[PDB]
Amino acid sequence: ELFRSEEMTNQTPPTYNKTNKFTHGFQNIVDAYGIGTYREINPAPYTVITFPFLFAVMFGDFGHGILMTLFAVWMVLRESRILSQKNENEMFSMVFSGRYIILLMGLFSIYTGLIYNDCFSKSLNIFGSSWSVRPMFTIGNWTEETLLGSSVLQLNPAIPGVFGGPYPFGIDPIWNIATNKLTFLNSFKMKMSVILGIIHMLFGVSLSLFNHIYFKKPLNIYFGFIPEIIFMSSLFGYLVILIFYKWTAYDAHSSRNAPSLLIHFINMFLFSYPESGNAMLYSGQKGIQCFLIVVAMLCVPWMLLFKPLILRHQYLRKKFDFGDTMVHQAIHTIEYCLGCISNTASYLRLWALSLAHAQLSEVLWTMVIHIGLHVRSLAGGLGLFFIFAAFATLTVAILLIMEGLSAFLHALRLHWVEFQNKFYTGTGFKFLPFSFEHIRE
Amino acid sequence: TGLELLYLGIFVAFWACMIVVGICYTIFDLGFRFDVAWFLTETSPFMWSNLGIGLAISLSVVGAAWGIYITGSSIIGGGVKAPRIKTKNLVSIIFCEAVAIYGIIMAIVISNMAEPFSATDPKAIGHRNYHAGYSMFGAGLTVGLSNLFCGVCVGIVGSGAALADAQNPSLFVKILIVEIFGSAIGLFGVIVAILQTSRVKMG
Amino acid sequence: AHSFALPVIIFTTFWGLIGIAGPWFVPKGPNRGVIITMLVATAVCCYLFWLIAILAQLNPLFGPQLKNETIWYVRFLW
Amino acid sequence: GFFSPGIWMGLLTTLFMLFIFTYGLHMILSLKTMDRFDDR
Amino acid sequence: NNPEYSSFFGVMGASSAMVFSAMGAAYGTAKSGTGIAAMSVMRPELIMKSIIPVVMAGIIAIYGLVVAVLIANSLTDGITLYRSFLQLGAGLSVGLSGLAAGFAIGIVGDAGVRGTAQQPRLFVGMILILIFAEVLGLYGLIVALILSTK
Amino acid sequence: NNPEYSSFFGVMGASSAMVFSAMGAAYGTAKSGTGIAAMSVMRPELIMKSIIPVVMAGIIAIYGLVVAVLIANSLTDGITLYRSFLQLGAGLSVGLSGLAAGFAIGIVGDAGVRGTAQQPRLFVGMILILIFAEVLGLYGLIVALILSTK
Amino acid sequence: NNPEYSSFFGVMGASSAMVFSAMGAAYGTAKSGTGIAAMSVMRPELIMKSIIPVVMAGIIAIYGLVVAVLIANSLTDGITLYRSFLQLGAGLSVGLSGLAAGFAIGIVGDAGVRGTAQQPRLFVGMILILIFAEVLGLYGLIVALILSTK
Amino acid sequence: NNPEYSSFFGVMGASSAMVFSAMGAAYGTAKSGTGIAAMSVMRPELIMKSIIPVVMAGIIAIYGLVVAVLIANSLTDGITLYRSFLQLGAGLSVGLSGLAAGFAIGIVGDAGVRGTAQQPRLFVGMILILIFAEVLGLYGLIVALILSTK
Amino acid sequence: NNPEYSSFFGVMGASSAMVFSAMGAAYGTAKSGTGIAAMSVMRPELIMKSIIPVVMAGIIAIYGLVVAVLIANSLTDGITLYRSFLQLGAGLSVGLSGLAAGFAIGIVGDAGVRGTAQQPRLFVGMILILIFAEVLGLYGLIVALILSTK
Amino acid sequence: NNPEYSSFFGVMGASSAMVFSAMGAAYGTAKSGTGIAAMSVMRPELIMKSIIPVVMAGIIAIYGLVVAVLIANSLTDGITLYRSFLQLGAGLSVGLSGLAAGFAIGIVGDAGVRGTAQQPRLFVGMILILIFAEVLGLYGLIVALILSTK
Amino acid sequence: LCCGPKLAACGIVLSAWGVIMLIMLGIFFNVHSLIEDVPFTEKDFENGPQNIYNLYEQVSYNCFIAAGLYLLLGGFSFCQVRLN
Amino acid sequence: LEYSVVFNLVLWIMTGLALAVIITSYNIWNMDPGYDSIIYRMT
C-alpha cells in the first residue's frame, strides 16, 4: 500500500496530497522539484525518513546534532507565539516551517554521530575499547620503546596473537586519536557511502514496479524494470557483496598484497584475468566476473530497443513514429545505464561531506581550543574561557549553520536527482480548491 | 586589449629567446650542453606523477565548471518566460558533472598507484619508476585536458538546448543526442588514460 | 575482549523486531501510515548504517598509529 | 652550469601555478559593475 | 638523506590551496554583489535570499582553508620529497578546483539574482546550479585530502 | 640496454593524439550543435539531416582514440626510443590533423545548417564538403598508423 | 652548515605580504571611493556610512602589516632555509588572499554604496557581503600565522 | 657510427608535413564551405559548381600525404642524420608552403564563389586564380620531393 | 667570506624604493590634476581645496625618498648579503606599497574633487578616504624601516 | 685585481639616466604641446604663458644630463664593481623617476593649459601642481647624487 | 547596561554552553585519569603514569575556572534580558 | 662557484621588477583624462 494522490473532479487532474503540520514541510521540498504525476507514487512518505538519514550521514556529528535539535526545539517552544504574530522575515519563516524537519535531521545526526563516536571530535568511551592489549605490546620484544618513542609513533600490529575483538558499538574510540584514522576510518566511510548509495537507488527502482502495476503497463516491466534491475544487480550489487566478503574473508594474515576490491572491480569490467601476480578474493572469481558482465550486456537489448520493436509489432497488427520511439528509448537506456554509474559517484557525497565535516571538526578543535590549554593553572582556565567562547562561535558559524545548510542541500540533491529519477516521473497540476484563506483580512 | 598585448609580448619574447639560445648552442658547437635526457632524469618522477594527478582532477572540474555557468546563464535568462526549462534542461549540467566524474575516478585510481622509491642516484635506479612516472603524468594529462574541452562543449550545446526548448518543447529530446557525443569524447580520453597506466609499477 | 557475534545479535534483534513487529503495535490515528513508515524505514536505515560500522572493523589488517604519550598511557589505562 | 635540478624543478612548478594565478586574475580584472540601476 | 628543496614544494602547496580558493570565492562574491545591488533596489524583499551565492562562495574559501591548514600542520624540515609532492598536488588540486567553482558560483549567481527577481520560480534552479558547482569544489577538497595518506 | 626517459615521448604521443582529436571533435560538435538548435527553432523538419556533422566530429574523436590506444597498448618500460619517436610522431600526426579536420567540420557544419535552413537543397553539397574534412582526418590517421608500425 | 642565501625567501615573504595586501586594500579603496564620490553628491547623509568598504579595505592592509612585521622580526642571517620557506608561504598566503578579498571589497563596495542610495534597505546587505570578504581575508591571516611559527 | 636521437628530426618531418597540409586544406575548406553555404541560398543551382575551391583545398591535403608517406617509408633507426635533416626540410617545405596555399584557396574561393553568383562571367577568373594557388602548393611539393631523395 | 655580487641586491633596493613610489605619486598627481582642471572651469573657488590629493601624493614620494636614502647610506662593498637582502626587501616594500597608494590617491582625488564641485558636503568624506590612502602608504614605510634596521 | 667588465654596469647607468629622462621630458613635451596647440586657437594671448609645462619638462632632461655626465666623469677601467653598481642604481633612480615626473608634467600640462583658457584662475593651480611633479623629478636627482657618490 | 535583549539572550545561551561543556571536560579527565589525551603534555614525557593523573586533574581545575567565568557572564546577561 | 644561484636570482628578480615598471609605465602612459568637460570644445 503506497500513498497516492486523491481523485479530483476525463481531463488530467491536479495532484492533491494531504499533509499535516509535520509532513507539509516534506511535501514542499518534494514539490519544489516538481508536481508529481496523477496517481504517481508519492515520494514524501519516504522522504520523511530517507532525507534526515542522508543528512545524518552527511552531518554525522553527535555534538552538533544535539545543538541542531535544541535550535529546532526553541522554534517549536515559540510555535504558538510565532504563529500568532507577524513574520515579515521570510528566512525565519522558512526555517520555522521546516522546524520539524530540522528536529528530525538532528535526531538522526545524533544517531550517526554516536556510532562514529564523534562529539566535537570527542570519542564516546563505553569502557569497551579492547582493540589491543598494551601490556602485551611491551612483552613482544618492545622494551623501553618509550625512549625512542620520543621521535617515533609506531603503528600497533594486527594479529600479534594478543590483539583483536571489535568495539561493542561503533568505531573503536582509539581511532579518534590515531595518526592513521585517515586510512582506517576514511576507507570504512568510503565503502559505506557506496553501499548505501547503491541500496537507495535499488529502492527507488523497486518502487517503479508498483507504479508500473498501477498504470497497467506490463511492457514497462517486461522490457523496462526487469532488464534495468538485472543490469544494476549484476554490476552494483555484486560489488557490494564483494566488499562484505573482503571484510569477513581475509584477516591481517594476508595483509601483504591483500586483494584490492578496486582493482578486481576494474578487472571485472575489462575481462582482465591474470593467471598470477594478484590474489583473488575466492577461487573461481574470474568465472563469476566474466559471467556477470556478459549477462549485464545480455539484458541491454531488451531495455535498448525491444520496447519500440514490440510496440511496432503490436501496433501494425492492431492496425506511432517508430524512429522517434527508438530515439526516446535509446536515450532513456543511456541515461539509466550511465546514470547508475554517475549516480553511484553522486552518493560519494556521503563520504565526501562526512569526511569534510570530520576535517572541520578535528581541525577547528585542534587549532582553537587545544591551543587554549596550558600547564599554568590560572592562565589556562582563563584562556579556556575566552578561547572556548570563540570556539563555540566558530562551531556555529562554520558547522551548525553553513555546513548543516550545505548537507541539507546535498542530501536534498540526492533525493531529487538520483532517487526520484528512478520512479518519480512526469508532472501534474497544482491542486487549488476553493478555501477560506482570507482569515486575517 | 591591454592584457592580450601583454600575453602576446611575453609569448613572443619567451619563444624568441628560446630560438636564439637553442641556435647559439648549435652555432658555438656546445657538447650537447642542453641535454633533454638530463632534464628528464634529474626531474623527480614524483613531480611528474603528482602533477598529472592534480591535472587529471583539476582540469576536469574546470571543464565541468565552465560548461555549468554557460548553460546556467542561458537557462536562468530564458526561464523567465519559460520556467519549464528547469524540469528537463538540468540534465545538461548532469552531463557536465559526469565529465568531471570521469576525470575524478581516474585521478583517484591513478593516485592509488603512487608509491615512494627510497631512491637516490638515478644511475641504474628506478628504470621502471621513470616509465611509470611519465606514464602517470601522461594519463593524468590525457584525461584532464580531454574532460576540460568536453565540459566546454557540453556547456555550449546545453545553452542552445535551453534556448530552443524555451520556444519549442519538442526540440529538447532530439538535441540531447549531441551532448551524449560530448560525453563520449571524454570517455575516449578515459580509455586511453586507463591503457597508459594499465601496466605500471611504482616503488 | 569482545566477540562480534553478541553485538550483532543484540542490535539486530532490536532493529529487526521494530521493523517487522513494530507495525503491529501502532496507534490507529490518521498518522498510522506515517508512523509505520517511520518504524520500518528507521529500522532498516539505522541497522544497515550500524552493521557496516561494526562489521567493517572485523578482521582488521592494521591497528592505530598512536603518539608516544598515548601509547605509554594506555599501558596503565586499558 | 646555469640551472640545478632544484632550481629547474622549482621553476616548473612555479610556472604551472603562475598560469593558474594568471587565469584567475584575468577574469577577476575583466569584471565590471553597473553604469545605472534599472528603477526605483 | 633528504634531497634539499624537498620542503619547498610542500610549503607552496599550503599557500596555493588558500590563495586560489580565496580568488575563486572572491570572484563569486564580487559577481554576486553586483547583481544583488542592482536587483535589490526594485525588490528589496529578495535581499536576504540573494546572499546564497555568496555563502556558497564562502564554503569554497573554507574548502581551501582546510587543505592549507592540513598541509601546514603536516610540514617538517626533514621532508622526504615524496611527501612534499603529495602536499603540493593537494594544494594545487583544491586550489584550481575551488577557483573554477568560485567562477561558476559568481557567474551563475549574478544571472540567478536577476532571473529570480523577474521570475521567482527560478529560485530553486538557481540554488541547484550553484549546488552542482559546490559539489565540484568538494571534489577538489577530497582529492587534496586523499593525497595526504598516499 | 633500453635507456630511461625513452618512453616519455611515446607517452606524449598517445596523450597528444587523444587530446588534439578531442579538441577537434569538441569544436566541430559545439559549433554544429549551436547551428542546429538555432535552425530547429525556425524549422524542425531539417533536424535529422543536420545531425551528420555532429557524428563527423565524433569520427575525429575516434581517429584519435584508435592511435592513442594503439600506442598506449604498445607503451612499455624497455622502449628502444626509436619506437617512442615513431609513437610521438604518430600521436601528433593524427591528433593535430584531426584538430584541423574538426575545425573544418565545425565551420562547415555551422554554415551548412544556416544554408540548408534557408534552402534545403544545400544538404547534399554540405555533406560532400564535410566528406573532405573526414578525408583530412583519415590522412592523419593513415600516416599515424604507418609510423607506429615502423 | 646552513645553506647560503637562505634569507632570500623569508625577506621576499615580508615584502610580498605588505605589497599584495596594500594592492588589495588600494583597489577596494579606489573603487569604493569612486562609488562614494558618485553616490554622496545625491545622498550626502550617507557619506558617513559609505566609508565602510574603505575601512574594511584598511583591515586587509593591516592583515598584511601584521604578518609582514611578524616575518621581518623572525629573520636572521643563519637561517636553516626551511624556516625561510615557511616565511615566504605565510607572506604570500596572507598577501594574495588579502588581494582576492580586496577585489571583493572594491566591487561589492561600489555596487552596494550606489545601490544603497537607490535603496537604503541595502545598507545591511552590503555590510553582510563585505563581512564575507573580510572573513575571506581572515582565512589568509590564519594560515599565514600558522605557517610563520611552524 | 651514427649519433643517437638522429631519427628525431625525420619523424618530425613526416608529422609536420601532414599536419600543416591538413591545417591549410582545413582553413581553405572552412572558408570555402562558409561562402558556399551563404551563396547557394540565393543561387542553389550553383551548388554543384561552387564546390571546386574545396577540391583545390583537398589537393593541399594530398600534397601533404604524399610527402609524409614518402618520408615515413624512409624512416629507419640507423639514420645518418644528414638524411634526417633532409627529411625534416622536405616535410616543412611542403607543409608550410601548402599551408600558405590553402589560405589563399580559402580567401579566393570565399570571395570568388559569391562574386560568381553576382557575376557569372567571374567563374573563369576564379578558377584561374585557384590554379595559381595550386601552383604555389606544388612548388613546395617539388622542393620537398627533391630534398627527400637528396 | 662575502659572496660577490651581493651588493647588487641592496643597490637595486635603493633604486626601487624611489622608482616605484615615484610612479605612484606621478599617477596620483596627474589623475588628480586632470579632475582639478575640470572643476576649476565649473567653479574656481575650490581650486585651493582640491590640491590636497596632490600634496598627499608628494608625501608618498617622500616615503620612498627616505628609504632609498637610508639604504644608500647603508651600502658597502664588504656586504654580508643578509643585510643586502633586507635592503632589497625594504626598498621594494615601501616602493611597491607606495605605488599602490599612489594610484589609490589619484583615483579617489579625481572622483572626490569632481563630486565636490557639485556637492560641497563631499569634502569631509574625501579627506577621510585620502587619509586611508596615507595610512596604506605609511604601512609600507613602517615595514621597510623594520627590515632595513633588522 | 678587479672583476672583468666591471664598467659594464656603470656605463649602462650613464646611458639609462639620459635615455629615461629624455623619455619623460619627451612625453610631457608632446602632451603639453598638444594641449597648447589646441588651446591657443581660442585664446592666442595665452600662447606664451602656456609654454611653462614644456620648459619645466626640459628640467627632467637636464637632471638626466647632470647625472649621466656625473657618472661618465667617474668611469674608468679599474672599477671595483661596487662603484659600478652605485652608478647604475643612481642612473636608473633619476632616469625612471624623471620618467614618472614626465608623465605628470605632460598630463597636467595638457589639462591645465586647456583648462586655463577656459578658466584663467586655473593658471596658479596648474603651476603649483607642475611644481609637485618637478619636486618628484628632483627626488630622483637627489638620490642619484647621494647614491652615485657613496 | 542594556546592550539589547537580543544580545543578552545570546550571551545567556553561550554562558550555559560554556558552563555545561567545560565541566563535562573536567569530569571526563577526572574519571579516565582516556582517548582524547589532550591535557597539554610536555614533550619530554617520562615513564611516569602519575604524570597523566596529575595533568588530568590540572585540566579539570582549569576547566572549572573557565566555567566559573561563564557563570558570572550568564548571571550578568540574565539580569539584562529580564530587565529589558 | 654557485653561478646557478646568482644567475637564477638575478635573472628572475630583475625580470619581474623590470616588467612591473613596464606595466606601470603602460598604465600611466594611457591614463584617461576623461576627454570631456573642456576637451570636446578644444577638439
# chains A, B, ... in the order shown; residues from 1 in each chain; ligands from 1
$ residues_around --residues "residue E:82" --least-positions-apart "3" --cutoff "8 Å" --atoms "only C-alpha atoms" --output "VMD selection string"
(chain B and resid 46 116) or (chain E and resid 79 85 to 86)
$ residues_around --residues "residue C:19" --least-positions-apart "5" --cutoff "10 Å" --atoms "only C-alpha atoms" --output "list in words"
residues 13, 14, 24, 36, 37, 38, 39, 40, 41, 42, 43, 44 and 47 of chain C
$ write_last_selection --atoms "N, CA and C atoms" --output "mmCIF file, in the first residue's frame"
data_model
loop_
_atom_site.group_PDB
_atom_site.id
_atom_site.type_symbol
_atom_site.label_atom_id
_atom_site.label_comp_id
_atom_site.auth_asym_id
_atom_site.auth_seq_id
_atom_site.Cartn_x
_atom_site.Cartn_y
_atom_site.Cartn_z
ATOM 1 N N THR C 13 18.459 -7.906 16.680
ATOM 2 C CA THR C 13 17.134 -8.193 17.209
ATOM 3 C C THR C 13 16.373 -6.902 17.462
ATOM 4 N N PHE C 14 17.052 -5.916 18.047
ATOM 5 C CA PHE C 14 16.412 -4.651 18.384
ATOM 6 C C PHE C 14 15.755 -4.030 17.163
ATOM 7 N N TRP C 24 2.715 -3.691 14.132
ATOM 8 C CA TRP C 24 1.549 -4.284 14.777
ATOM 9 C C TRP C 24 1.137 -3.491 16.010
ATOM 10 N N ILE C 36 4.020 3.855 10.852
ATOM 11 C CA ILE C 36 4.503 2.566 10.372
ATOM 12 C C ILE C 36 5.645 2.765 9.397
ATOM 13 N N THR C 37 5.508 3.724 8.488
ATOM 14 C CA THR C 37 6.611 4.007 7.577
ATOM 15 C C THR C 37 7.862 4.381 8.359
ATOM 16 N N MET C 38 7.690 5.203 9.394
ATOM 17 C CA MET C 38 8.815 5.620 10.223
ATOM 18 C C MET C 38 9.495 4.425 10.869
ATOM 19 N N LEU C 39 8.709 3.546 11.480
ATOM 20 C CA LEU C 39 9.264 2.418 12.211
ATOM 21 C C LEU C 39 10.081 1.522 11.296
ATOM 22 N N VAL C 40 9.531 1.218 10.122
ATOM 23 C CA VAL C 40 10.211 0.316 9.210
ATOM 24 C C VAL C 40 11.395 1.010 8.560
ATOM 25 N N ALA C 41 11.202 2.229 8.043
ATOM 26 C CA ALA C 41 12.300 2.904 7.360
ATOM 27 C C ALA C 41 13.449 3.166 8.323
ATOM 28 N N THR C 42 13.118 3.511 9.565
ATOM 29 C CA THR C 42 14.140 3.842 10.544
ATOM 30 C C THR C 42 14.969 2.609 10.857
ATOM 31 N N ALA C 43 14.290 1.492 11.111
ATOM 32 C CA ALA C 43 14.981 0.266 11.486
ATOM 33 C C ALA C 43 15.929 -0.192 10.392
ATOM 34 N N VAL C 44 15.499 -0.086 9.138
ATOM 35 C CA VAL C 44 16.333 -0.582 8.050
ATOM 36 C C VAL C 44 17.551 0.312 7.873
ATOM 37 N N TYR C 47 19.828 0.110 11.081
ATOM 38 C CA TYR C 47 20.516 -1.166 11.206
ATOM 39 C C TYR C 47 21.671 -1.253 10.231
#
$ select_by_dssp --residues "chain C" --states "alpha helix (DSSP H)" --output "ChimeraX atom specification"
/C:5-20,32-55,68-75
$ interface_residues --of "chain B" --to "chain E" --cutoff "9 Å" --atoms "only C-alpha atoms" --output "mmCIF file with N, CA and C atoms, in the first residue's frame"
data_model
loop_
_atom_site.group_PDB
_atom_site.id
_atom_site.type_symbol
_atom_site.label_atom_id
_atom_site.label_comp_id
_atom_site.auth_asym_id
_atom_site.auth_seq_id
_atom_site.Cartn_x
_atom_site.Cartn_y
_atom_site.Cartn_z
ATOM 1 N N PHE B 46 58.432 11.952 -9.087
ATOM 2 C CA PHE B 46 57.383 12.277 -8.136
ATOM 3 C C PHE B 46 56.633 13.528 -8.552
ATOM 4 N N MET B 47 57.342 14.513 -9.103
ATOM 5 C CA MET B 47 56.673 15.716 -9.571
ATOM 6 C C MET B 47 55.770 15.378 -10.740
ATOM 7 N N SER B 49 54.372 12.583 -11.599
ATOM 8 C CA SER B 49 53.207 11.813 -11.173
ATOM 9 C C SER B 49 52.182 12.696 -10.473
ATOM 10 N N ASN B 50 52.636 13.476 -9.494
ATOM 11 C CA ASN B 50 51.710 14.280 -8.714
ATOM 12 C C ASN B 50 51.136 15.409 -9.555
ATOM 13 N N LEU B 51 51.912 15.896 -10.523
ATOM 14 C CA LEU B 51 51.403 16.911 -11.429
ATOM 15 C C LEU B 51 50.290 16.346 -12.289
ATOM 16 N N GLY B 52 50.518 15.177 -12.880
ATOM 17 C CA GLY B 52 49.485 14.561 -13.683
ATOM 18 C C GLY B 52 48.246 14.256 -12.871
ATOM 19 N N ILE B 53 48.429 13.846 -11.619
ATOM 20 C CA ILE B 53 47.261 13.573 -10.784
ATOM 21 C C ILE B 53 46.476 14.853 -10.538
ATOM 22 N N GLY B 54 47.168 15.927 -10.156
ATOM 23 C CA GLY B 54 46.478 17.185 -9.934
ATOM 24 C C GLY B 54 45.818 17.700 -11.195
ATOM 25 N N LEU B 55 46.465 17.490 -12.339
ATOM 26 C CA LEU B 55 45.891 17.925 -13.601
ATOM 27 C C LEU B 55 44.628 17.143 -13.903
ATOM 28 N N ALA B 56 44.666 15.828 -13.696
ATOM 29 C CA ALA B 56 43.532 14.985 -14.040
ATOM 30 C C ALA B 56 42.287 15.446 -13.308
ATOM 31 N N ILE B 57 42.449 15.770 -12.029
ATOM 32 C CA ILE B 57 41.301 16.188 -11.240
ATOM 33 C C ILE B 57 40.994 17.655 -11.496
ATOM 34 N N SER B 58 42.034 18.480 -11.586
ATOM 35 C CA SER B 58 41.817 19.915 -11.614
ATOM 36 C C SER B 58 41.272 20.359 -12.959
ATOM 37 N N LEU B 59 41.803 19.811 -14.048
ATOM 38 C CA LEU B 59 41.345 20.200 -15.371
ATOM 39 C C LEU B 59 39.912 19.743 -15.600
ATOM 40 N N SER B 60 39.555 18.582 -15.051
ATOM 41 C CA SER B 60 38.253 18.007 -15.347
ATOM 42 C C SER B 60 37.149 18.850 -14.728
ATOM 43 N N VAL B 61 37.372 19.323 -13.504
ATOM 44 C CA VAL B 61 36.363 20.127 -12.832
ATOM 45 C C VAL B 61 36.268 21.496 -13.483
ATOM 46 N N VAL B 62 37.391 22.002 -13.988
ATOM 47 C CA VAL B 62 37.380 23.269 -14.706
ATOM 48 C C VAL B 62 36.463 23.173 -15.913
ATOM 49 N N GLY B 63 36.550 22.067 -16.645
ATOM 50 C CA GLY B 63 35.673 21.897 -17.791
ATOM 51 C C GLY B 63 34.211 21.919 -17.390
ATOM 52 N N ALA B 64 33.912 21.087 -16.407
ATOM 53 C CA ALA B 64 32.522 20.948 -15.974
ATOM 54 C C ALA B 64 32.067 22.341 -15.583
ATOM 55 N N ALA B 65 32.847 22.928 -14.700
ATOM 56 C CA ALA B 65 32.522 24.222 -14.117
ATOM 57 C C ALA B 65 32.315 25.269 -15.199
ATOM 58 N N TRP B 66 33.156 25.246 -16.231
ATOM 59 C CA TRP B 66 32.974 26.162 -17.344
ATOM 60 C C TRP B 66 31.605 25.978 -17.969
ATOM 61 N N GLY B 67 31.290 24.737 -18.330
ATOM 62 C CA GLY B 67 30.033 24.488 -19.011
ATOM 63 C C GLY B 67 28.850 24.805 -18.121
ATOM 64 N N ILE B 68 29.025 24.620 -16.821
ATOM 65 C CA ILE B 68 27.829 24.745 -15.952
ATOM 66 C C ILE B 68 27.343 26.181 -16.092
ATOM 67 N N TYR B 69 28.230 27.153 -15.920
ATOM 68 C CA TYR B 69 27.702 28.508 -15.943
ATOM 69 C C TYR B 69 27.334 28.932 -17.353
ATOM 70 N N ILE B 70 27.928 28.318 -18.377
ATOM 71 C CA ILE B 70 27.473 28.613 -19.733
ATOM 72 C C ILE B 70 25.990 28.286 -19.863
ATOM 73 N N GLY B 72 23.958 27.572 -17.291
ATOM 74 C CA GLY B 72 23.214 28.173 -16.211
ATOM 75 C C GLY B 72 22.650 29.509 -16.618
ATOM 76 N N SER B 73 23.495 30.364 -17.186
ATOM 77 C CA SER B 73 23.034 31.695 -17.544
ATOM 78 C C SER B 73 21.942 31.612 -18.597
ATOM 79 N N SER B 74 22.111 30.723 -19.576
ATOM 80 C CA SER B 74 21.106 30.637 -20.630
ATOM 81 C C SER B 74 19.773 30.156 -20.068
ATOM 82 N N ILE B 75 19.825 29.166 -19.179
ATOM 83 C CA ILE B 75 18.618 28.635 -18.562
ATOM 84 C C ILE B 75 17.947 29.692 -17.708
ATOM 85 N N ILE B 76 18.725 30.382 -16.879
ATOM 86 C CA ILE B 76 18.136 31.349 -15.964
ATOM 87 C C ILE B 76 17.484 32.477 -16.745
ATOM 88 N N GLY B 77 18.181 32.974 -17.767
ATOM 89 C CA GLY B 77 17.618 34.032 -18.578
ATOM 90 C C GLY B 77 16.354 33.606 -19.289
ATOM 91 N N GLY B 78 16.434 32.540 -20.074
ATOM 92 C CA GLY B 78 15.276 32.096 -20.824
ATOM 93 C C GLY B 78 14.136 31.686 -19.916
ATOM 94 N N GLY B 79 14.486 31.077 -18.788
ATOM 95 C CA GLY B 79 13.497 30.539 -17.879
ATOM 96 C C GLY B 79 12.550 31.578 -17.335
ATOM 97 N N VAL B 80 12.869 32.860 -17.506
ATOM 98 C CA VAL B 80 11.969 33.897 -17.015
ATOM 99 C C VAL B 80 10.628 33.794 -17.718
ATOM 100 N N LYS B 81 10.648 33.518 -19.016
ATOM 101 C CA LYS B 81 9.441 33.306 -19.793
ATOM 102 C C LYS B 81 9.099 31.834 -19.974
ATOM 103 N N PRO B 83 9.604 28.925 -17.495
ATOM 104 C CA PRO B 83 10.068 28.227 -16.287
ATOM 105 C C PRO B 83 10.088 26.714 -16.410
ATOM 106 N N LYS B 86 13.744 24.307 -16.281
ATOM 107 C CA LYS B 86 14.460 23.659 -15.151
ATOM 108 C C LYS B 86 14.057 22.187 -15.007
ATOM 109 N N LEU B 90 18.134 20.653 -16.823
ATOM 110 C CA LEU B 90 19.175 20.421 -15.833
ATOM 111 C C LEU B 90 20.078 19.246 -16.203
ATOM 112 N N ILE B 93 23.568 19.952 -17.139
ATOM 113 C CA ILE B 93 24.531 20.154 -16.036
ATOM 114 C C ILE B 93 24.917 18.751 -15.586
ATOM 115 N N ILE B 94 23.971 17.813 -15.575
ATOM 116 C CA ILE B 94 24.369 16.467 -15.091
ATOM 117 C C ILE B 94 25.496 15.970 -15.986
ATOM 118 N N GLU B 97 28.721 17.481 -14.842
ATOM 119 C CA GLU B 97 29.336 16.873 -13.634
ATOM 120 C C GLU B 97 29.905 15.529 -14.074
ATOM 121 N N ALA B 100 33.208 15.753 -15.195
ATOM 122 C CA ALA B 100 34.131 15.824 -14.050
ATOM 123 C C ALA B 100 34.287 14.453 -13.408
ATOM 124 N N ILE B 104 37.581 12.442 -12.272
ATOM 125 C CA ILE B 104 37.754 12.241 -10.834
ATOM 126 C C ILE B 104 38.080 10.790 -10.529
ATOM 127 N N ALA B 107 41.582 10.110 -11.567
ATOM 128 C CA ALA B 107 42.535 10.805 -10.718
ATOM 129 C C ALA B 107 42.802 10.010 -9.458
ATOM 130 N N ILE B 108 41.761 9.395 -8.904
ATOM 131 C CA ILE B 108 41.926 8.597 -7.696
ATOM 132 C C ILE B 108 42.615 7.280 -8.022
ATOM 133 N N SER B 111 46.230 7.972 -8.615
ATOM 134 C CA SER B 111 46.940 8.329 -7.398
ATOM 135 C C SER B 111 47.098 7.127 -6.486
ATOM 136 N N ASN B 112 46.171 6.174 -6.564
ATOM 137 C CA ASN B 112 46.308 4.963 -5.766
ATOM 138 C C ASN B 112 47.569 4.183 -6.113
ATOM 139 N N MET B 113 48.192 4.466 -7.257
ATOM 140 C CA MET B 113 49.407 3.786 -7.677
ATOM 141 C C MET B 113 50.673 4.490 -7.207
ATOM 142 N N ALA B 114 50.554 5.671 -6.607
ATOM 143 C CA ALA B 114 51.706 6.472 -6.203
ATOM 144 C C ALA B 114 52.379 5.806 -5.012
ATOM 145 N N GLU B 115 53.692 5.614 -5.112
ATOM 146 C CA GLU B 115 54.468 4.982 -4.062
ATOM 147 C C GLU B 115 55.814 5.678 -3.930
ATOM 148 N N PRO B 116 56.435 5.620 -2.756
ATOM 149 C CA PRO B 116 57.816 6.089 -2.627
ATOM 150 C C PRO B 116 58.799 5.147 -3.302
ATOM 151 N N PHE B 117 60.001 5.666 -3.567
ATOM 152 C CA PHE B 117 61.038 4.863 -4.202
ATOM 153 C C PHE B 117 62.122 4.438 -3.226
ATOM 154 N N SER B 118 62.406 5.256 -2.216
ATOM 155 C CA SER B 118 63.649 5.149 -1.455
ATOM 156 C C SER B 118 64.849 5.152 -2.398
ATOM 157 N N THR B 120 67.892 7.215 -4.776
ATOM 158 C CA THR B 120 68.793 8.360 -4.784
ATOM 159 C C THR B 120 69.346 8.606 -6.185
#
$ residues_around --residues "residue F:58" --least-positions-apart "4" --cutoff "9 Å" --atoms "only C-alpha atoms" --output "list in words"
residues 181, 182, 184 and 185 of chain B; 22, 24, 25, 26, 28, 29, 53, 54, 62, 63 and 102 of chain F
$ atom_distance --atom1 "atom CA of residue B:145" --atom2 "atom CA of residue B:7"
21.5 Å
$ residues_around --residues "residue D:34" --least-positions-apart "6" --cutoff "9 Å" --atoms "only C-alpha atoms" --output "MDAnalysis selection string"
(chainID E and resid 34:35 38) or (chainID G and resid 111)
$ write_last_selection --atoms "N, CA and C atoms" --output "PDB file, in the first residue's frame"
ATOM      1  N   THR E  34      27.405  42.518  -7.257  1.00  0.00           N
ATOM      2  CA  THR E  34      26.988  43.418  -8.321  1.00  0.00           C
ATOM      3  C   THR E  34      25.535  43.162  -8.692  1.00  0.00           C
ATOM      4  N   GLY E  35      25.186  41.895  -8.913  1.00  0.00           N
ATOM      5  CA  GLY E  35      23.813  41.571  -9.255  1.00  0.00           C
ATOM      6  C   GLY E  35      22.859  41.868  -8.118  1.00  0.00           C
ATOM      7  N   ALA E  38      22.087  45.648  -7.888  1.00  0.00           N
ATOM      8  CA  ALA E  38      21.192  46.083  -8.954  1.00  0.00           C
ATOM      9  C   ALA E  38      19.777  45.569  -8.733  1.00  0.00           C
TER      10      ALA E  38
ATOM     11  N   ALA G 111      29.127  48.643  -5.840  1.00  0.00           N
ATOM     12  CA  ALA G 111      27.759  48.257  -6.147  1.00  0.00           C
ATOM     13  C   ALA G 111      26.843  48.523  -4.965  1.00  0.00           C
TER      14      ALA G 111
END
$ interface_residues --of "chain A" --to "chain K" --cutoff "8 Å" --atoms "only C-alpha atoms" --output "PyMOL selection string"
chain A and resi 122-123+125+146+150+173-174+176-177+370+373-375+377-378+380-385+388-389+392
$ residues_around --residues "residue L:40" --least-positions-apart "2" --cutoff "12 Å" --atoms "only C-alpha atoms" --output "ChimeraX atom specification"
/J:38-39,114-115 /L:34-38,42-43
